[PDB]
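Computation of the quantities below employed the complete heavy-atom set of this structure, encompassing side-chain atoms and omitting hydrogens, waters and symmetry-equivalent molecules. Both ligands and their constituent atoms are indexed starting at 1 by order of listing. Sequential numbering from 1 along the given sequence is applied to the chain's residues.
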Amino acid sequence: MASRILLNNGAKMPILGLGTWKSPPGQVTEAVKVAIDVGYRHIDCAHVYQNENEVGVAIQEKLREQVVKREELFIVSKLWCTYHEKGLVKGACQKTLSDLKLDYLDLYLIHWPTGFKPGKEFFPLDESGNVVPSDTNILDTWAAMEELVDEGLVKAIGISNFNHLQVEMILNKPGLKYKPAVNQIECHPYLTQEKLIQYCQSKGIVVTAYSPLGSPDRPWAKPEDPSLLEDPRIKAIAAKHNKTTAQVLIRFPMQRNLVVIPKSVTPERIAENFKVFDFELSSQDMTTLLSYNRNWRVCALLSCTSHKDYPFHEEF
Ligand SMILES: NC(=O)c1ccc[n+]([C@@H]2O[C@H](COP(=O)([O-])OP(=O)(O)OC[C@H]3O[C@@H](n4cnc5c(N)ncnc54)[C@H](OP(=O)(O)O)[C@@H]3O)[C@@H](O)[C@H]2O)c1
Ligand SMILES: C[S-](O)c1cccc(CNC(=O)c2ccc(F)cc2OCC(=O)O)c1
């Protein structure tokens, strides 16, 4: 299938990218170098991942080596929750640009709808363990994101972990200048997201699926949690197609017109995960994978369940 999807800003976005959350700083430079060498053109980043400098080393080296031109890359980062204030957005973007060695981002996302008190700590807590919110309304954060487009720092802006009412709040913003190009959300066979995906696609917003393999390295994993990569039903579909379970899990969102961002620091897996443009899941396979939904979330933002903008109380 086609390698890129057209965004509502007129630019094309590669449907397969490399994730970088949890990629160790001493391994992510080589991971991104390998990824670019084996065909990846989209890297998903974030300031909160604390490894953008090392990602940037890889990008810059492959640009210097002329393995790829800047216009061929699609680099995404995200505004962390402690920078939702109007006066902090530009500097947060600029710090990400400096770390990544870039003079623009292809896409910059509001990482979560929840703003937190600014400061050094990424999760400021009160003495009782609750996250300390910011009063900055997300519409005002959106206006600050729009300024970045108009200053040439980013080509597109979008959102992440927004529920459908929060997307709708942006779309209904008075004086809205740029619609969100993307909503990046958790999506896999155990959290299939039919309702939110349909809503976003109907508005021309492209959906990126994160944790497509179920994030087996997530720090809060428990032994009793479900495991996509070990699910015998998914292994059976993979075996039938002579592919790995990971390859099925990556191809699944692609066939839903989603972008997908599997993470790996393992060279062989980085290459394997990209080899998903040479086979097709049947409609029956797709419906079967969808049937595994259990509304199970890797990323529930649990310290934030009383924040006014916590996204996961709503059904979708
Ligand atoms: N917007 C958000 O709030 C948000 C939240 C979560 C994730 N994300 C983004 O989405 C990306 C992907 O999600 P994720 O990191 O949570 O998890 P994931 O991509 O679902 O899974 C990554 C895990 O799978 C392993 N793996 C990768 N390819 C494999 C293969 N072929 N066979 C077996 N195991 C394989 C990796 O191991 P190795 O690395 O050791 O090879 C790692 O432990 C993130 O890195 C981040 O960029 C965004
Ligand atoms: C549901 S509450 O809304 C929320 C809020 C906020 C957040 C949440 C979840 N996360 C975490 O934890 C985190 C941290 C750190 C890092 F580095 C990373 C991570 O993860 C991945 C992404 O991307 O995020 C939740």
Side-chain angles (χ1 to χ4, degrees), residues 16-25 27-28 30-32 34-35 42-52 55 75-82 84 107-116 121-124 130-131 133 158-163 166 182-191 207-221 227-229 234 238 243-253 259-267 269-274 276 297-307 309-313:
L16 191 43
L18 181 73
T20 65
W21 174 38
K22 311 172 264 57
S23 296
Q27 297 178 48
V28 74
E30 180 68 6
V32 172
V34 167
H42 165 189
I43 315 295
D44 184 76
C45 309
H47 178 68
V48 77
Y49 301 163
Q50 302 184 222
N51 59 5
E52 292 193 313
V55 171
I75 309 301
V76 184
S77 187
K78 319 187 191 77
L79 177 79
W80 184 247
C81 300
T82 54
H84 283 208
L107 179 62
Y108 197 49
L109 305 178
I110 305 182
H111 200 150
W112 290 86
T114 51
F116 304 165
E121 297 295 344
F122 289 155
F123 283 86
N130 301 292
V131 77
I159 58 188
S160 182
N161 302 293
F162 280 46
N163 71 36
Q166 295 169 324
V182 164
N183 189 12
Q184 179 182 131
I185 64 174
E186 188 178 335
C187 185
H188 47 68
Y190 298 156
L191 185 71
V207 172
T208 300
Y210 75 67
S211 304
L213 312 180
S215 199
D217 59 337
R218 66 202 182 276
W220 48 80
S227 161
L228 286 164
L229 286 165
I234 307 180
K243 291 295 205 170
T244 69
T245 303
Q247 287 167 329
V248 169
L249 290 166
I250 291 164
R251 181 71 189 197
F252 174 52
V259 176
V260 64
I261 53 172
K263 173 265 180 183
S264 180
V265 291
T266 303
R269 291 171 169 176
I270 294 166
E272 163 186 322
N273 290 352
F274 201 74
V276 292
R297 282 183 198 279
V298 167
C299 278
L301 237 227
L302 292 177
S303 59
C304 299
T305 51
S306 291
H307 192 294
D309 299 314
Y310 181 76
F312 306 141
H313 301 316

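Relative orientation of the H313 and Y310 rings is tilted, given thresholds of 30° and 60° on the angle between their planes. Aromatic ring pairs are classed by plane angle as parallel below 30°, tilted from 30° to 60° and perpendicular above 60°; the pair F116 and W80 is perpendicular.
Looking at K22 against ligand 1, only its side chain comes within 4.0 Å, counting heavy atoms. Using a 4.0 Å cut-off between heavy atoms, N273 contacts ligand 1 through its side chain alone, with no backbone atom that close. Using a 4.0 Å cut-off between heavy atoms, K263 contacts ligand 1 through both its backbone and its side chain. Contact annotation for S215 and ligand 1: heavy atoms of both the backbone and the side chain come within less than 4.0 Å of the ligand. Neither the backbone nor the side chain of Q247 has any atom closer than 4.0 Å to an atom of ligand 1 (non-hydrogen atoms only). With a 4.0 Å cut-off on non-hydrogen atoms, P212 touches ligand 1 through its backbone as well as its side chain. Of all the heavy atoms of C299, the ones lying under 4.0 Å from any atom of ligand 1 belong exclusively to the side chain. Here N161 has side-chain heavy atoms under 4.0 Å from ligand 1, and that is the only part of it that gets that close. The parts of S264 lying near ligand 1 are both backbone and side chain, judged by heavy-atom distances below 4.0 Å. Counting heavy atoms closer than 4.0 Å to ligand 1, residue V298 contributes nothing at all.
Here is the list of ligand 1 atoms found below 4.0 Å of a heavy atom in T266: 38 (P), 40 (O), 41 (O). Counting atoms of ligand 1 from 1 in the listed order, those under 4.0 Å from a heavy atom of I261 are 9 (C), 10 (O), 11 (C), 12 (C). Residue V265 has at least one heavy-atom neighbour below 4.0 Å for each of these atoms of ligand 1: 38 (P), 39 (O), 41 (O). Every atom of ligand 1 is numbered from 1 in the order shown, and the set under 4.0 Å from a heavy atom of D44 is 9 (C), 46 (C), 47 (O). Counting atoms of ligand 1 from 1 in the listed order, those under 4.0 Å from a heavy atom of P262 are 19 (O).
By the side chain to side chain donor-acceptor pair (under 3.5 Å) test, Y108 is found to be paired with no residue, residues two or more places apart in sequence or in another chain being considered. The side chain to side chain donor-acceptor pair (under 3.5 Å) test applied to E52 returns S77, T96, not counting sequence neighbours. Every residue meeting the side chain to side chain contact (heavy atoms under 4.5 Å, CB included) condition with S23, not counting sequence neighbours, appears here in chain and number order: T20, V28, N51, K263, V265.
With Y49, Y210, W112 as candidates, the residue nearest to atom 6 (C) of ligand 1 on a non-hydrogen basis is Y210.
Heavy-atom separations between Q184 and ligand 1 include at least one value shorter than 4.0 Å.
Not a single N or O atom of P216, backbone or side chain, sits closer than 3.5 Å to an N or O atom of ligand 1.
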Check ligand 2 against the protein and report each N/O to N/O distance under 3.5 Å, formatted as atom name, atom name, distance.
{"residue": "ligand 2", "atom": "23 (O)", "partner": "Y49", "partner atom": "OH", "Å": "2.8"}
{"residue": "ligand 2", "atom": "23 (O)", "partner": "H111", "partner atom": "NE2", "Å": "2.6"}
{"residue": "ligand 2", "atom": "24 (O)", "partner": "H111", "partner atom": "NE2", "Å": "3.3"}
{"residue": "ligand 2", "atom": "24 (O)", "partner": "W112", "partner atom": "NE1", "Å": "3.3"}

